[PDB]
Amino acid sequence: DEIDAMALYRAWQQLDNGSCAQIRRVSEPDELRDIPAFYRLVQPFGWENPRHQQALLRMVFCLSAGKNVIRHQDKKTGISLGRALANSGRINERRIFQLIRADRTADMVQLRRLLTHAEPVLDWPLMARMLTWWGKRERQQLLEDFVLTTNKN
Amino acid sequence: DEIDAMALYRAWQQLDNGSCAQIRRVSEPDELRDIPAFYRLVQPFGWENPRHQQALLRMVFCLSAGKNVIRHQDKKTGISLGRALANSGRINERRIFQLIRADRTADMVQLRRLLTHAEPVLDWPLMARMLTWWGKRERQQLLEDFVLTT
Amino acid sequence: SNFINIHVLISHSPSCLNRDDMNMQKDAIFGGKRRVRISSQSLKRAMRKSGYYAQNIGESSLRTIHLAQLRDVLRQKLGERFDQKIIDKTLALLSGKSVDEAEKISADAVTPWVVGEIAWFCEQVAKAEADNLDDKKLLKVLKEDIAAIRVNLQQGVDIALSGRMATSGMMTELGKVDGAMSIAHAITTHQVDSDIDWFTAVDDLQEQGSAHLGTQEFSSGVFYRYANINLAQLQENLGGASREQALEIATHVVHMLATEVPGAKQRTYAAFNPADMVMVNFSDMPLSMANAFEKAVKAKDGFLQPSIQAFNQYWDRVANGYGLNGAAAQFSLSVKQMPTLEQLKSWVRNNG
Amino acid sequence: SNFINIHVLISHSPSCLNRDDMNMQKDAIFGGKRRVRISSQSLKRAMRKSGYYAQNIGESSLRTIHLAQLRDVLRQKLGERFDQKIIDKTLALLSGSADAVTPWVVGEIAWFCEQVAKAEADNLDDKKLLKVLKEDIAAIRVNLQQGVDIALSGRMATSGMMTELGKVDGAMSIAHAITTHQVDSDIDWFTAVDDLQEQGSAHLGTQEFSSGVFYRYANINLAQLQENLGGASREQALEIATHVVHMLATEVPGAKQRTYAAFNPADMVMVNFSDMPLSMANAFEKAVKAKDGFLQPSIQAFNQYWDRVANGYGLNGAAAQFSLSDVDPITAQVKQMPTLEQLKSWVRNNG
Amino acid sequence: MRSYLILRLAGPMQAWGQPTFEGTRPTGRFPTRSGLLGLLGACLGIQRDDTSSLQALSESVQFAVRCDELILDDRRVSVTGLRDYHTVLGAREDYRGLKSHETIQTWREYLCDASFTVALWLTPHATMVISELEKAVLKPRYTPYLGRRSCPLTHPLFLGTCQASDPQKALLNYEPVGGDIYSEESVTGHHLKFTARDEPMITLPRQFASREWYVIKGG
DNA sequence: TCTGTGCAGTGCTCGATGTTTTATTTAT
DNA sequence: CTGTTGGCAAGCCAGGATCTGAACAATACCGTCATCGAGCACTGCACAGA
């Protein structure tokens, strides 16, 4: 019972310029529930199941930062979000804290801005799993990967 | 392959006051995972290898009692932790029992309280080796060393 | 049905209801997970020393190893019924020890005693030497009607329930009792990592710091209590009591198992919680429900609700798989359903 | 097939079901790791002394043996060593159309024949013979009324059996029960509060105890069972076997149960017929690791082991399984039984 | 080349006797001659009083036993000893009558994590054929066990059949190879012997004669 | 037609008794 | 039927000291060698004579 992350990534990349532009326009994830093009995209990914939809809101909202912002890559673990943000070298550690300390919906807004800023090369399905379990464990591993990668350079 | 215990001991010793204070206010070993200063401290000692992680958490959490609580002293095996706690003459035998009987995380919490009280002089690489495994055998040897000293 | 199974789920607020040699909470590994434990001997002593037992069952037995102190108690209690000489010899025959005037006379081991039972014995001893009947033959005679001895355990029911052994004296032959109640150690349905209280003792003549710093283990827990009563064995242990007498005693055990909590650390932790679920079931073979919690219960709006649910699901699995159809009733605050404990107790009193 | 294999996985709550001369739990090393053990003899006695056994085995119909009906076959069996004069004299003094006869019956009577044959030669009879053989005669008379118990469990520790044919093994063989997982036992530190002592207790002690998911194994030799029942039928033997299946699933040793009360029934029962009886203990040779308990991974490890080796080990043959759990099942070659009674009926009907 | 019958003796517990008249029941390190005969005699339907075919089995068959080390996860597991405190209630006090003791005590030793591979061949004047011994181990009449009835098998008795020059060369075909071999027939490069009193005197029940294994170490 | 004291006949529990034992003690 | 792009995301400096960590009392017993003969029991034994 898991969302096909790569399929959703492909579904977004192939999506018509008009529909995806309607989605990007959104300012916070809960507003996506008022856009018709949104359901049109996430329908073949089990939006019907209430468990999937909260994760789907997060996944699309991150995908809706741009269309070219998140360059997916393939494992040679696979690049995590924490590694990717640190790899860009544009993000400082205090902005990472402002993500993992942010409250509900505020966190996704910050993450969105971070993706736009960093334009990261990462493993998208890996990131999709993080957004599904966006918990205390994910925040903590996010900071870990960022600090270690930054410190290595 | 094995954690350089003295290098880590030195790294903790010449740590800046900020990074040191951020680590010291931790209340249990797992909370070190929230501290950026912690990751930078243990990265050159093999943290990214999962094999070393539980050991490094114990080592640093024991050190986190303070820069001046554990005094390393060179061999003349070297002074074990059990002998060192007894050498202080400050620790009741009952508290040693309670330490070696304690379960996970709680054992490290009680140990650090004992280190704070005792301020031991010991063979740190020897204690680190003990912290690496920390099996039932190591815990019984701790108690027996303490008793054989008193 | 000869067995009455009793199942209790009881939740306690933070406490330390039972601890070991180093004052740490008793525990046990079940399903690969640590459970906080309350020993069966702690449960049994809390029940036998309780007010409810005293009011509804009677006097708990006298458990001691100090015969010299016991000697003096019997002299003060059985003095107006027997002469001091007979009282001394009775204890001597039963214990196998020389009862003189020594300050310290010790039995083989700790042994439960019943005054009423000792009173019955010294009658026999008196009549024995009166009829010029020696001790070797006195024992031979008394071995012929043990039921007449067991009727005295109606004055010491906790022995009829929990048993007695002796390795010296006539008690070896006449006082062997196989308890009618079986009882498990209470264990938590879930995993517990115990809490630690860091405390101080402030000294009124010490302005700087405290005079003592210490740590004390404690935790919460939803506990499973199990016990059964062998009715036929309980009747035999009471000298041939009726089933109604055994059933009424079982009913008091049910009540105590649901309400009695050990007193340890209760003055400073006050976990005076009654059970949230009690389940009684008649059977031909004893049946424990412990394996309802072999897979440790995960919390979900507390531990109590998912524990009761796990209990119910496993009960059905066993009943459906083993085709069990003994009478059963269930009282809960969260199979015949009972709104109150009292109705549940009437049910048991009426043979289910 | 001649053998019935019985496999039980049974989970016990904290207890001390079987201990040694230091009051320590019995154990065993298996796969290099410590398993708590309940001995064969402890498990078998729990069955043999149980109420269920006394009612279904002790009070069986095939229980009684009539020396009268056995006269013919005994007359020809012992007819080459003894002549009908002694054989019939013996047969009558022991009691005061049978096809076959139980081996120990022949052998023990043959011994009595040797005694009376030597009694006539030494020229003594009346009470003198019945005085000398008083206890011996009383012994065999008791045994002649416990034929199913003897056929199933073997002779008692005191039976009065005299010959080599009188060394009667049980038709069922019970293995030592061991945990599927490694166990570090707990310790109970206890007090005994003296009602007449002010300071402290009058005794202190410790008791070792633990939980454990145990694997019980037993097999039944059908032909041996039939042969020791005077030539009973397969159906009658399968009926006895049904009781063994029931007892191995429900009977628990009484030790320490008054104070630990581990009255748990089996969560998994499986029966399979074979020509070569095999324990499936190596399903747990690599000790089972806990994953939401030990019970679920144990049943899982049992099922995966069967799927892997049953074919190559020649465990083709009738196989059925009862389970309180909904763990992913074995190969479809094993017929799933929803209740124990349905499993037992499956055994009666030869599989 | 002669024909060999290859057997596997594996189980969590085994017991192979040493001389005793005491309540202590000791085990050796590998299967006995008497124990292997009894195991075969169990697969065949031989009763304890049938001295005729009891002697026919003994004179027809000779053995070779290899000790196999348990390997687990690529790690070696050694054989360990086990002491069972084994009591008996109401045990016979005499050989006739019904008088009995309250409790008697026995001490029984087992092997743990032990496994064995047995090579079997016919003597030059044997009675039976390996073909019928193969049938016996595939479909035993009496219940087969490892020393004691409480010790079941976890692997089939039958392992295989083969033809070879010596018992060592025969056991080579069957993994695991490397364990020490004790044989009734000597092999060329080896001269060591293992003394034992495990030759059952068939004319004298439950009594044993002295004999000797030929020792063949593994590489 | 059942039953009573003598047995013969022995099933025992009774008690004193044959023998014989000890090896250690950290690390600082 | 049709929805875009570039360019850009900071630095300094700072994390404490005092002083304190318990005591008492209690850890069991039995049986799992044997010998001999005696004194004293179940226990059937027919009966003789009631």
Side-chain angles (χ1 to χ4, degrees), chain C residues 3 5 19-22 26-33 35 37 39-42 44-45 60-66 69-70 73 109-110 112-113 162-163 178-179 181-185 187 224 226-228 284-291 293-296 314 317-318 320-323, chain D residues 10-15 50-52 181 183-197 201-204 206 209-211 213 249-252 254 257-267 269 289-297 322-326 337-341:
Chain C
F3 289 97
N5 305 273
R19 60 191 194 271
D20 58 24
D21 51 324
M22 286 300 149
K26 290 203 179 181
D27 57 22
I29 300 303
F30 187 47
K33 300 292 182 60
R35 323 295 185 103
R37 188 177 93 254
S39 69
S40 55
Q41 62 266 17
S42 178
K44 281 178 292 174
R45 193 173 179 282
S60 65
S61 61
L62 206 165
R63 296 166 182 266
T64 188
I65 198 182
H66 308 294
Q69 285 73 354
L70 186 58
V73 171
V110 186
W113 306 91
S162 304
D178 172 26
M181 182 180 59
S182 285
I183 176 170
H185 297 227
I187 52 170
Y224 173 64
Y226 173 72
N228 77 67
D284 299 313
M285 167 174 290
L287 175 61
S288 165
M289 279 291 108
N291 278 328
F293 322 108
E294 202 272 344
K295 178 206 299 179
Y314 187 71
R317 280 186 172 91
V318 177
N320 294 338
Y322 282 91
Chain D
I10 180 177
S11 167
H12 292 295
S13 39
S15 54
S50 64
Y52 183 93
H181 54 100
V183 175
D184 296 326
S185 291
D186 290 287
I187 312 288
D188 186 35
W189 192 87
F190 68 89
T191 56
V193 181
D194 199 288
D195 286 317
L196 300 181
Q197 182 179 321
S201 301
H203 194 80
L204 311 169
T206 56
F209 73 95
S210 77
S211 302
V213 176
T250 57
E251 300 295 339
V252 183
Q257 293 282 67
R258 201 69 68 254
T259 49
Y260 280 84
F263 299 110
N264 330 91
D267 281 82
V269 190
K289 288 172 284 188
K291 193 213 292 187
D292 293 320
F294 280 114
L295 185 56
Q296 282 204 103
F322 163 64
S323 174
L324 298 178
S325 303
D326 23 31
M337 308 277 92
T339 74
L340 177 62
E341 213 66 40

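Worth knowing before you read on, the calculation uses all heavy atoms, side chains too, and leaves out hydrogens, waters and symmetry mates. So you know, we letter chains A, B, ... as the sequences are listed, proteins then strands, and number each from 1.
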Under 4.5 Å from a heavy atom of chain D, the part of [X] involved:
X: C/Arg45; answer: side chain
X: C/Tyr226; answer: side chain
X: C/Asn320; answer: backbone
X: C/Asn228; answer: side chain

(Q) Taking D/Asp326 first and then C/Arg317, would you say they form a salt bridge - that is, a charged N and a carboxylate O separated by under 4.0 Å? (A) yes
Handout entry: Contact check, side chains of C/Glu294 and D/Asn264, non-hydrogen atoms, under 4.5 Å
Key = no
Does [Y] offer a backbone N or O that forms a donor-acceptor pair with the side chain of [X] under 3.5 Å?
X: D/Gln197; Y: C/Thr64; answer: no
X: C/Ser40; Y: D/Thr259; answer: yes
X: C/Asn291; Y: D/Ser11; answer: yes

Checked D/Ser13, D/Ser50, D/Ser185 vs chain C; the most non-hydrogen pairs under 4.5 Å come from D/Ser13
Counting heavy-atom pairs under 4.5 Å with chain C, the top scorer among D/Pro14, D/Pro265, D/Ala202 is D/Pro265
Which pair of non-hydrogen atoms, one from [X] and one from [Y], has the smallest distance, and what is that distance?
X: D/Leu196; Y: C/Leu62; answer: CG-CD2, 3.7 Å
X: C/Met285; Y: D/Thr250; answer: SD-O, 3.4 Å
X: C/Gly31; Y: D/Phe294; answer: C-CD1, 4.1 Å
X: C/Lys26; Y: D/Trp189; answer: NZ-O, 2.8 Å
X: D/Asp194; Y: C/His66; answer: OD1-CD2, 3.4 Å
X: D/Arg258; Y: C/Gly179; answer: NE-O, 3.0 Å

With only heavy atoms counted, which part of [X] is less than 4.5 Å from chain C, the side chain, the backbone, both or neither?
X: D/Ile187; answer: backbone
X: D/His12; answer: backbone
X: D/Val213; answer: side chain
X: D/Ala290; answer: side chain

request  = Determine the interplanar angle of the D/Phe322 and C/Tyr322 rings, folded into 0 to 90°, and report it as parallel if under 30°, tilted if 30 to 60°, perpendicular if over 60°.
outcome  = perpendicular
So which of [options] has the biggest tally of heavy-atom pairs under 4.5 Å with chain D?
options: C/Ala227, C/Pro286, C/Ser182; value: C/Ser182
options: C/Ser61, C/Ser60, C/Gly32, C/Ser288; value: C/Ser288
options: C/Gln41, C/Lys44, C/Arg19, C/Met289; value: C/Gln41
options: C/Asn5, C/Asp178, C/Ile29; value: C/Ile29

Between the OG1 atom in D/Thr191 and the CG atom in C/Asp20, the distance rounded to the nearest 0.5 Å is 11.0 Å
Between the OG atom in D/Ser325 and the NZ atom in C/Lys295, the distance rounded to the nearest 0.5 Å is 8.5 Å
Could you walk me through whether D/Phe190 and C/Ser39 pass the side-chain contact (heavy atoms from CB on, under 4.5 Å) test, one step at a time?
CA-CA 9 Å; D/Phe190 68 89; C/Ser39 69; over 6 Å; no
Problem - Residue pair C/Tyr314, D/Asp267: steps toward the side-chain contact (heavy atoms from CB on, under 4.5 Å) verdict - result: CA-CA 11 Å; C/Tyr314 187 71; D/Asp267 281 82; 3.4 Å; yes
